[PDB]
Structure formats: structure tokens, C-alpha cells
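>>> PDB entry and its sequence, pasted below:
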Amino acid sequence: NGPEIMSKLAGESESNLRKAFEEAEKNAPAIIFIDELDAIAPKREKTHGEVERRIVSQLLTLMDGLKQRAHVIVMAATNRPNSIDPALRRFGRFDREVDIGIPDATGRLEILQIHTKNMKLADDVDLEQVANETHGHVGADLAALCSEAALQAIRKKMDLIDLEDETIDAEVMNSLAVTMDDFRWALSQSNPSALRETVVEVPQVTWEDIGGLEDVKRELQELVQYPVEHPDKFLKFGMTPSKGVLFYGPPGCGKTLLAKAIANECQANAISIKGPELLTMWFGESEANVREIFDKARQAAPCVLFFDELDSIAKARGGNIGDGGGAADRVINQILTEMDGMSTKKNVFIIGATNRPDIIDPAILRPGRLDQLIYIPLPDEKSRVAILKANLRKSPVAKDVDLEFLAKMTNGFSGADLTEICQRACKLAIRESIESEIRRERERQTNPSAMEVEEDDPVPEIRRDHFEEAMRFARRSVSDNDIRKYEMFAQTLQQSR
Amino acid sequence: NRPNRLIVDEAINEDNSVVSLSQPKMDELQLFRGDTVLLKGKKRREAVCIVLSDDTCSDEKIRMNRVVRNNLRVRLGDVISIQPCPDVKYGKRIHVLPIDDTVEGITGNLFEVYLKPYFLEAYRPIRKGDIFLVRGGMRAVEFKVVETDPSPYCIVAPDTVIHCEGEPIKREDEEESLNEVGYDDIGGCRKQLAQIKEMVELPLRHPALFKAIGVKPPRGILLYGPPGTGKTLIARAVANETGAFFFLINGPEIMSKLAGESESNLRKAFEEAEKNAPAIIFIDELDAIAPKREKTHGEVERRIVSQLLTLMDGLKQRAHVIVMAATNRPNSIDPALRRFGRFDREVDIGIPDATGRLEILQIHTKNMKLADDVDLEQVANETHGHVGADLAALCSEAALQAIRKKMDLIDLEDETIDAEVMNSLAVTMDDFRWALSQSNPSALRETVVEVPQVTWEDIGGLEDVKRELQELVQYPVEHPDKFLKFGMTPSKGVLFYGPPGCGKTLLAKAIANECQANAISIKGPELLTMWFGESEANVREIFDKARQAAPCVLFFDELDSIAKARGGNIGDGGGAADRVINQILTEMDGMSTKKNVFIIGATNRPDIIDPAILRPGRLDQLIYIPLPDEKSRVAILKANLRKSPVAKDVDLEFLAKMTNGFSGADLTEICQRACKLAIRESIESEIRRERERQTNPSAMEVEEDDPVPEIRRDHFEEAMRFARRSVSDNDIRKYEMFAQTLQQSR
Ligand SMILES: Nc1ncnc2c1ncn2[C@@H]1O[C@H](COP(=O)(O)OP(=O)(O)O)[C@@H](O)[C@H]1O
Ligand SMILES: Nc1ncnc2c1ncn2[C@@H]1O[C@H](COP(=O)(O)OP(=O)(O)O)[C@@H](O)[C@H]1O
Ligand SMILES: Nc1ncnc2c1ncn2[C@@H]1O[C@H](COP(=O)(O)OP(=O)(O)O)[C@@H](O)[C@H]1O
């Protein structure tokens, strides 16, 4: 342990390190594990104290002595690979770095199942739902969640049942059961999520979650799967597979879902860097974050490195013409450098979404980086119908709804505007259910009847009235001038620059 | 199963040897309040007391106070029997004697003054061995009943005699000091106190029970907040009441000595806590011991941090000790400290609200003889920026001012001070006013985290907006099942746009109050401070504070302030996105909706804000706050005038009908004008009345009459002649065209 190592005197710390390495060598085959390696070994320019540098060098010498004559495998734990000394990651010392990363929904489910193996939990736990809901919790976070649920169950049972009856025995403790309410309380009130950085997981969005864009779906399936599913075919021909594609079109057409679905189809991790992240890196003057973003993408091979709102920096630094400056940006420049430095064979695909393709720098459109400019058009009747079918698969909707008619009213409506249509109508249905419940609660409370319960669900689905009200509320998706701009940009895919 | 035994609980009545029980279990035992009843307790002691029937306490639970539980040698959670004793007697002389050093440094015939009024018409049942108590004269003292002429227990009578003599005798080693901090001494952190209770009850009260199971306990508690918010007081009270051994590890005390000596002291403290399991280790000023790892310059400090980490890990692997820590900010301490297993749960002590400040003041004035004009509700409502120990210093300053007014001016050459003069001291409202004004530094300047006092009645009009906001906020949190039933994720944000002065801030405050949710209002000054200072990372801990105060309404007043400082409508050649707005967007994207933390944004210029904040999932609801119409203006005037006394001659409907297109805050400015004119009229009338009769040397000539206690229509007419149109009609047209363009944009 890093704290255990450098907790003692400098000479004592070095002696402890040497003794540990000698014991591991004596007990070969043995594993040396150094958690919090950044504590022992910080960056060489950052390690202020001479004692810390001496400890770093002692560890380096001990591991080199293991390398020359031993049979011990050294493992280390750190928050970031760059937080430790670069000399540690030198070849021969730390050749292979394993990115433990974060657990996905399936991973969180597995962790919860592991922690509930010895926990008597009820049938309402539905750990699939908990894991799907759980975000930002990694490993020990889920362990603390399970511990909190168990402790809440114990405080509900022991603190309220066995007070003066008789001393606690095994019968009462083995009868304890953990319910869904305990897990909900642990999720909501008593769990700090320690994860705030980029998510590295296979997204749950599939092709069925996207409506329309069949040609775009097929083209993206080609450009992604074919290099990775048929490498022999690409190697046979004298063409290097493309390692990037750009999505341009009106906002709300599902470019983010396109990236998520293509990542899911290949079972590849997706790292979606939205416009907020790009603007955070630009405003903070820290373009070097793109370096470890691309490192995370590469370490998660196969990966779909999605850059949502790639024009966010070009939009913050002026509009169409903007200021007197050009279109290149420091974070976009670092992205270009990383993509140029990224091998195509690494099967890490870069997808960029731009709501204003005309404001992005053409340098990102050069062949070899984002040569494919896939246009995501505004959905037509069939695409809108498919989008509505995909969205309504989750919210229970009455069969009286007429999706084809609804699409035919919605002229030039984007997919996310159709999801906002459900936001309106489905929310109206939720409000109707809530108000019906409260009025039903209030109406019979006046009558002092011991047995008078006319129990009936008001409505469990969404009727066409809610959708009509949403139509009366929700209006045209986007301006026609924007659509004309997109269509002229598509018409000018060539004969430019 | 023997509905005679019963379990313990806290008490409300302040009287001693008094109890209260649920209403149904009065026939089960078949005895009424006047029935004097005996109760059993360990070490073979049983004490008789009066009885009562209440409601709050459950059938299975009793209420009583430390005065009785001490002599009973019983603690909470324990269980006791009960038996009526109608055979009690009107006791005669029953000998007593003060049992403490409390008598140290006292004089005067305490007997009468202290006892007779308490024994006045009381019929306080007594049994030998009682340790009853009485307080007065800025002091508190107790006496033991050494003898009961009839035994073992009797009633007191106003006729019974008291030959009370002897000298103060000593507290046997069985007596337990009440000096230990208690939950009664904690105010302003009721939710935090309950969280701490539910965290530490199982590990401490049930050590063997938890040892039976194989769950991981919370062995690291990070009490973070402003200094002086009772963190060490909370820890001491929790440890003392739960019976856990409290070790006060002080950061300055730790690293005051040599590095090796500091590490040895830390190891010895941890070993002693482990030996005294269940024990509580508290480390106040943890940032002193454990700063940020990149910031800890000295190697000795890093070594101490690592030693603390190793000691707490050793506690985690093999011990039964709960570690608590106090720091100004959670990020000020080393991030390795907050690692899972070491400090899993961080409790935000925060700041006390108006009710919390009231509770703190009541706690600090419990032993303070204070007059009836203190009106601590008014003091707490006025008190802002004072947290915990700040209110303690306020009470101390008021008491010291009272003492300097009485002692320094009364007893100078008469005779040496005795108990009679000191117990006659009273604290008045003027002392509290002086403490508030002249002699109190408010140490709080950051964001306020409290439930705002503004309610729906405080807002006039906007009934549709009120209903929509009530839906969007309450329904996700009051009916989660309904939202989960449908396939729609509840919205976690709403944007308020419209002319300034329509009450968007009050809308956020009222929706926070209706849900009883904390409101953190980040105004335009805060946004511009974060933007100009190039510190966008402040939004991170702002959102952390909002999340830790779940349910919370995270209000962003003047969300367009940064977009307005960085140019006007078109502004410079740059875009609309801003670094602080970008950090807000990142935090909202990283904020789970289930966390029931709602973000409300107010923009007086919705057209200048970046559309990226209007994307669905962050602020998809754009609620328009229109300029109030006749009915809305009438309601606004009714809400505002409820505080300022106004004469019934005022005509609010007519006033609203004159005010065409007037905002709510412009109506409050209308009161500013007219109500201020009324105040000035009252002041000038008072001064002219003072000056007019001073010329006549009349011993008795007082034509006392209030000039005007209310506000007449003349003041409002003068305000109308002064106050003019609210806002330009062009702005209203811009707002109406923005509302018309809610869709078909971008
Ligand atoms: N073609 C589509 N089919 C199904 N769902 C869609 C489609 N387009 C968008 N959505 C959903 O509607 C919402 C609005 O889309 P949005 O994310 O704005 O699209 P983009 O990422 O291209 O800007 C998104 O949350 C997305 O999940
Ligand atoms: N919430 C509170 N309620 C009552 N008293 C308080 C509160 N907070 C602080 N105090 C008073 O302040 C005094 C010292 O404050 P302290 O607890 O040392 O501050 P900190 O929390 O910074 O350690 C105590 O004597 C205590 O009576
Ligand atoms: N509709 C209203 N009803 C009652 N009081 C209001 C209303 N609108 C504003 N006020 C009060 O009048 C003052 C001016 O309002 P202001 O805060 O400028 O509104 P906003 O926060 O929307 O800009 C505020 O102090 C507020 O307390």
C-alpha cells in the first residue's frame, strides 16, 4: 500500500519496499500489488519532496531487479495512467496497462448480484432495473449501495421489532429480507456517485430504437462493421478502410442514436463527447484532454468515438461568419492530431455530429479523417412513422392512436421533436392519471363508509386526445431556411475548397 | 404478551417526574393521569411519578426526561414495567439536601427561593433517593431526598414542613453527569442529525448484532460545512448519547508535535478507540491533517496523511470504530480520504435556516433568563449569515451586554455580589438588537441552502404558470409510480422567460417551499463572478450542494447575465455559449433526474441565451412569465400589501387598472414609494409633535395620539404621480414574438 509504504521514515520506507520485494521473490510465483501507485510514484516534475523521488527510484530499482532475476508479477493501481511517473510505464517495467474502467449496465448488474449473493433479498429487487437505473456508480459504489440497503432493512426491522421482548437470536436475523424500497432509498438519498468523466460502455440503443434512415443505417453498418467484420476483404483490395464519418443535418434527427446503435451492433464501447465537453476543453484552454480521451477510446477497442455537437466550439467562437478569425479551433486541432495519430487497424471509429456543418473547419473534412459526410435528412412520412413506432414502444399507448396520421400532420418534424411530442402528450397522460388519483382520493374521504371502494384504473395508456393536445401545443420543428441550408450543403458536397 | 412492560422514548414536558402515554393504553392498564404510578428500572430501583395520556407517543413507548432516567439508571431503547400506586400518601416532612458542587460559590437562603415555588401546589410525588432538580439565577442545582418521613414514596403538600439543613454531599460514582452533549443541543441540522443517527445507530448501539452479520459498516463520516456549524458538537452529542467512546482528535493537536510524535499520537488514539469499541473517532479540521495531495507541500504532512489513511484502513479491516471528520469543504481534504471504504458517506452539515436559527437560539437561551420581548422568531427571521457558533456568540454578546448594563451600574459600593442579584438578571430585546447590529461578524457569504419562506400566496396571478410548475416539480417527486408506469422520463429543468419583475425568483422560491425542498438561488451576480474570475469549476460544487440537499430546486436567477455581459442582442462577433453556462450544461447532463434536484432558469433576455441550454432533457420546458394583467396585478397588490398596514380606503382594483402593463416588482416598487411616503409622514409628524410642545413649560400636557398607523390612498396617488410605466412596449413585443416562436426555430 502506497500510504503503508511512505507512511514510515524514508529509510524505513525503502527498507519496507526492499523487504516486500525480497519476500515476493522468495515466494515465487508471487504477485506484488501496489494500490495508489500515484502516492508512491507521482509525476517526476511534480514530486516535490526528495524523499518521494528516492522512494520512486527505490521502487524502480526493485522492480528492475525483479525483471533481471525473479518470478514475481507486479501490479499497480492508480486513478489515471498519466498520474504516475512516466518512467514507471517504461518498457520492461510496466509494459501493459489494463484500463479497469467503469462497469456498464450489465457490469453493474453483475456487481449487484455478487454483493447480494449472501444477502437475503426479496423478489421485488429487480436488479436489472436497478442496474439500468444505476449510473455513475462503480464497483465499491455499488457495494456501498448494497450495504446501505441492508442497513436500512436492519434499522427498519431490528430497531422497531426486538426492543424489550428477549435477546436477539438467529431466527430473527435470518428472517431479514431486503426490499425494493431499500434499494430505491439507497439510490436516491444515501449514495454519492463518484463518476463524472466520460462513460465507456456498449450503449443499449439498437437499430430498432431508431426510426427511418435506412440508407444511412446501411451505409454506417458498412463503414463500421465491414472493416472489423471482414478485415480480409479490405486487405485484399488496395484501399485503407475509413476511420471516421461525419453526421450533418438538422438537430433532432438522431445522430447520437446512430452512433449508439452502430456501437451496439458491433458490441463496441461508445464514448460520446458532447458539445459541453468540447466547450469545456476549449474554454479551459486544456486541449490535452483530447489525448487521454483518444487513449481511452483506443484502450476500449473496438470503440466508436462519438463527438456530439462537433461544431459547438465553432459556434461559440462566432456564428456563421463569426469573428474575424478562421474556423480552426484548439480542441478541434487536437482531435485532428489524434485522428492522424490513430491507426485505422485499432478499429476505433470516430463519429462527428454537426448541426452547422458549414461552420466547422474544412481541415476535419480532409480525406483520411472524416472523408465520409453522411447527411442525416429531416425524416419523411415513413421515417416519422418508424420514429413514432420506436418511441412509443416504451410508453403504453392506446391502440386508438394513429401514428401514420400523426406523422402526416407533422410536416418536416425531427425525431427528437417527435420525442418532445411524446414528452407533451405522455406527460399530459401522466398528469391526467395523477389528477384522477387525487380527485378519487378526495371524493370518498367525506363519506364515512367502512366498505366503499370503487377501485378502477382511470387510464393506463395514452389516448389520442393527449396527442391532439400535444399537436395543439407542439408546433413546427425547425425553420425551412435551415433545411434549405442543409440541402444546399448536401448539394455542395463536392466542387468546394 | 404482557402489555405492562414498555419501551423508552424522548419527552416533551419539561416538568420532572412526569410522563405521557398514548390514549388507548389507559384502560389496558386502567389508570388515569392523576394516578401516581411506579416504574421499575435496573440496579433494582423503582421511581414513582405522575402520569398522563397523550397521542404522539406510540402505544409501545413512554416519554420521560433525563432527570428521572438518571436516578432510574436507564437509557433509551431499554424496557420497563409499570404499576399504579393509588396507595400513595400525602407525605409529611421528607428530608432533602443539595447533592453536588453546584453549591460552589453560592450564598443566600436558596431553600425558599429555589424550592417553594417548585413545590408550590405541586403535589409532586417523591420517593427516597430522588435527584430532582431546579434552576434559577443563571444557575441550576439539584437536591436528593435523603429521608421520607413516610416511606418510601409520598406526595408533597403545601402544608408539609421543610426543616431543610445540612451541607452539600457528594454524587456517588453511580451518578451520571449530564454535561455530555445531547441531541437537545443540536439545531439547524435536523435532517443531518437524523442521517447521522441512522448511520451510526447500528454500528454503535448494536456492536455484537453487526458483528454477527457480514455487511460493511459506514466507518468514515465527512461532516463538511462552514466553520462553527456544530460539527464537533454534533459528533460529541452523538457519541455521548449513543454511549460510544468519544476521542477528540484535533488536527492542530495532531500535527502540533513532531512528525514521529504526531504519527505516534495518531496511532495511540486509534488504538485507544479500538480498545474502547464501540468508539467514535472525530477529526475536526481534517483539511489541516489531510490537504489536497497536490497541495500538501511538506513531506511531513504527506506522511501524516498516509499514517491516518493506514490507521483508518486498519480500523476498517479489524475494529469497531466509526471515524468522523470536520472540514470547511469536502474538496479541501485529500481525494484519497473520500475513497470508498475510507470515507464512503459525506454529510453536508450546511447552514441553519430560519427555523434552524430559531432552534439554535432556543438551545442557547435554555439556561438564559430572557424577557418576553425576545421574540426569537423575529430574531431568527432577521438573522442571516449566522451559523451555529455565530448564534452562540450572538447569545453570549446579548448576555454580556445585559450583565454590563446591570452589574457595572448597580452593585458598585453597596455590598459584595450574592446570588440574588445575579439570578435577577434578564435579557431584553435591545440586547439582541445590539448583538445583531454592532457586535456580530457574519461568517457566511456563500450560497444559501434552505427552504424559502415564500409561498404561493406570496405570488399574485400566474395561476396557469403556478399549476404547470406544480406539475413539473411535485408530480415527479410526489407520484414517482405514475411517472415510472409511463415510458417518459420526468423533466429535470424549466426555463422562466419574460419581462423582469414578474416574479420568476418568487416562483422558484414558492415551488421549493411547496415541496419543502431546499432552494439554492444562483443570481446573475454569481454567474458573472464565476465567468469573470475564469472559475467555471464553481458550478461543480454548486451542483454538488444542490444534489446533497435533495429534494432541491436549483434556481439560476438571471441566467442570461453572462450572455448580456458578453454583448447585447448580437453582441460581439462570438457565439452565445459561455464557459459557466457550459459547465451548467455539463452538470445538468451529469445530473440524474431521480435525484429530484430541479433546475430553474430565469432569463430577462431569452433570445440572447445559447440554444444549447434549450435542448430537450435540460430545459425543454420554456414557461413564459407574462406581464401581469388586471387580475394578476390585483393579486400581486393583495399579496404585497398583506405585510404593510394599509388603510381600507385603498382601492387595489382601481390601482391595478391605472397600472397598465406593470410588473410585480414594479408594484412592490410602488409600495416602496407610497409606503415610504407613509413612513416619512409618520416620522415628520412625530418630530413636529415633539418640537411643538417643548416650548410650553407644562408639567402635564400630553395630547398623545397616533398620526397614522396605516397607508392612505393619498400616498398611493403620490406614488402614481411619481412611479411611471413599467417597461417599454418594444420589450413586451419581443417577449410575445419569442413566445410565438417557441417552435419552428433552429
Ligand atoms: N430517427 C430517430 N428515431 C428514433 N428516435 C430518435 C430519432 N431521432 C432522435 N430520436 C430521439 O429523440 C431525441 C431528439 O434527438 P436528438 O438527440 O436531438 O438528435 P441529434 O442527436 O441528431 O441532435 C433524442 O433523445 C433521441 O433519442
Ligand atoms: N447547530 C448548532 N446548535 C447549537 N449550538 C451550536 C450549533 N453549532 C455550533 N454551536 C455552538 O458553537 C460552539 C462551538 O462550535 P463548534 O461545534 O466548535 O464549531 P465547528 O462545528 O466549526 O467545530 C458550541 O459550544 C455550540 O454550542
Ligand atoms: N407576481 C408577483 N406577485 C407578488 N410579488 C411579486 C410578483 N412579481 C414580483 N414580485 C416581487 O416584486 C419584486 C420585483 O420582482 P423581481 O424579483 O424583479 O421579479 P423577477 O425575479 O421575475 O425579475 C420582487 O422582490 C418580488 O418579491
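Yep, it's here. Numbering: from 1, shown residues only, chains lettered A, B, ... in the order given. Ligands and ions are numbered 1, 2, ... in the order given.
>>> interface residues of the stretch 201-350 of chain A facing chain B?
A:251, A:274-277, A:279-280, A:283-284, A:309, A:312, A:315-319, A:321-324 (CB under 8 Å from any CB of the partner chain). In this view, the C-beta of every residue, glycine as well, is placed from N, C-alpha and C.
>>> count of neighbours near the closest residue to residue A:126 other than its chain neighbours?
Nearest non-adjacent residue to residue A:126, counting by CB to CB, 6 or more residues apart in numbering or on different chains: residue A:180, 6.8 Å away. Using other CB atoms under 10 Å in any protein chain shown, residue A:180 is surrounded by 17 other residues.
>>> which element follows the helix or strand hosting residue A:423 toward the C-terminus?
If you go by DSSP states H and E, residue A:423 is part of helix A:415-444. Proceeding N to C from helix A:415-444, the next assigned helix or strand is helix A:464-473, under DSSP H and E.
>>> in the stretch 201-350 of chain A, which spans are helices?
A:214-229, A:231-236, A:255-265, A:275-283, A:289-299, A:312-316, A:330-340 (DSSP state H, counting those that start in this stretch).
>>> what about stretch A:306-313, start to end distance?
Using CA to CA, to the nearest Å, the end-to-end distance of stretch A:306-313 comes out at 16 Å.
>>> send over stretch A:37-45 as PDB, restricted to the C-alpha atoms.
Extracted C-alpha coordinates of stretch A:37-45, given in PDB (Å, rounded to 0.1, in the frame of the first residue of the first chain):
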ATOM      1  CA  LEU A  37       0.800   3.900  -7.000                       C
ATOM      2  CA  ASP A  38       0.500   7.700  -7.700                       C
ATOM      3  CA  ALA A  39       1.100   8.200  -4.000                       C
ATOM      4  CA  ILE A  40       4.400   6.300  -4.200                       C
ATOM      5  CA  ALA A  41       5.200   7.400  -7.700                       C
ATOM      6  CA  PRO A  42       3.800  10.800  -8.900                       C
ATOM      7  CA  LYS A  43       4.900  12.600 -12.000                       C
ATOM      8  CA  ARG A  44       8.700  13.300 -11.900                       C
ATOM      9  CA  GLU A  45       8.300  17.000 -12.400                       C
END
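>>> give the buried residues for that stretch.
With burial defined by 16 or more other CB atoms under 10 Å in any protein chain shown, the residues of stretch A:37-45 counted as buried are A:37-43.
>>> against ligand 1, how distant is residue A:157?
Distance, residue A:157 to ligand 1, using CB to the nearest ligand atom, to the nearest Å: 42 Å.
>>> did I read that right, that residue in a helix?
Yes - counting by DSSP: H, G, I helix; E, B strand; the rest coil, residue A:157 is part of a helix.
>>> so what's it up against?
Residues near residue A:157 by CB atoms under 8 Å, 6 or more residues apart in numbering or on different chains: A:172, A:176.
>>> what does the one 4 residues further on give?
Residues in contact with residue A:161 (CB under 8 Å, 6+ apart) are residue A:172.
>>> phi first, then psi, for it.
phi -100, psi -60 (degrees, to the nearest 10).
>>> just the strands in the stretch 51-200 of chain A please.
In the stretch 51-200 of chain A, the segments counted as strands under DSSP state E, counting those that start in this stretch are A:72-76.
>>> and the residue of it closest to chain B?
residue A:164 (2.7 Å; CB to the nearest CB).
>>> how many residues are close by that residue?
Neighbours of residue A:164 under the rule other CB under 10 Å: 16.
>>> quick revisit: tilt between the helix holding residue A:423 and helix B:463-478?
90 degrees (axes from the mean of the first three to the mean of the last three CA atoms, to 10 degrees).
>>> helix A:415-444 - contacts with which helices or strands?
helix A:381-392, helix A:464-473, helix B:463-478, helix B:480-485 (3 or more CB pairs under 8 Å, 6 or more residues apart in numbering or on different chains; DSSP states H and E).
>>> residue contacts, the residue positioned nearest the centre of chain A?
By CA atoms, centre = their mean, the mean C-alpha position of chain A lies nearest to residue A:199, the distance being 3.3 Å. Counting by CB under 8 Å, 6+ apart, residue A:199 makes contact with A:102, A:271-272.
>>> if you rank the residues you listed by neighbours, which is first?
residue A:271 (22 neighbours).
>>> right, and that one touches residue A:302 too?
No - the pair residue A:271 / residue A:302 is not scored as a contact, 11.9 Å apart, by CB atoms under 8 Å.
>>> quickly list what residue A:374 is bridged to.
residue A:247 (DSSP bridges).
>>> my read: it touches residue A:242, true?
No - here residue A:374 lies out of contact with residue A:242, judged by CB under 8 Å, at a distance of 11.1 Å.
>>> looking at the contacts of residue A:199, which is nearest ligand 1?
residue A:272 (9.6 Å; CB to the nearest ligand atom).
>>> how much space between that closest one and residue A:310?
To residue A:310, residue A:272 is 12 Å away according to CB to CB, to the nearest Å.
>>> so what sits against both of the two?
With contacts taken as CB under 8 Å, 6+ apart, residue A:272 and residue A:310 have no neighbour in common.
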